């Protein structure tokens, strides 16, 4: 289930993080406008950029912590507040997060691993609801 999925991702985090983030960017190419220097590059080009791996790993490090601190796929209010208040997230709306979790869930469903994709969908929705409660537009 969900808790074991956290351990699974953590066991091979950089690989999962890059693959999920690439799934997100490829499904939603216009989301690249939030990032510098990602446009005009193939998956393999991005994976060789030193910033790409390091930053995607940091995102998913924190995403896994938020998932881990959750109860029944409900994140902590303080974790949601952190995500809203981060300067790097100042221009974002909940829709950006919805798209990320659509891509993540689709990746899990298409994978050869036994992810509890429904729980990740629930977590994504609960996170969006928490982001809204915390004041994200």
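Take the two forms, find the largest set of C-alpha atoms that superpose within 1.5 Å, and that set is the rigid core. Positions refer to the first chain, counted from 1.
Asker: Fitting on the rigid core only, I'd like to know which of the two stretches, 93-101 or 31-39, ends up farther away in Cα terms in 7 other deposited structures of this protein.
Answerer: With the rigid core superposed, the C-alphas that lie farther in 7 other deposited structures of this protein are those of 31-39.
Asker: After a rigid core fit, does 43-51 or 61-69 show more C-alpha displacement in 7 other deposited structures of this protein?
Answerer: Of the two stretches, the larger average C-alpha offset in 7 other deposited structures of this protein falls on 43-51.
Asker: Got a sec? Mean C-alpha B-factor, which is higher, 105-113 or 74-82?
Answerer: It is 105-113 that shows the higher mean C-alpha B-factor.
Asker: Using only the Cα atoms and their B-factors as the entry lists them, report which of 26-34 and 55-63 averages higher.
Answerer: Result: 26-34.
Asker: Can you tell me whether residue 99 has a C-alpha B-factor in the lowest, middle or highest third compared with the other modelled residues of the same chain?
Answerer: According to the entry, residue 99 has a C-alpha B-factor in the chain's middle third.
Asker: Ordered by C-alpha B-factor within the chain, which third holds residue 6? Give me lowest, middle or highest, please.
Answerer: For residue 6, whose C-alpha B-factor we compare with every modelled residue in the chain, the answer is the lowest third.
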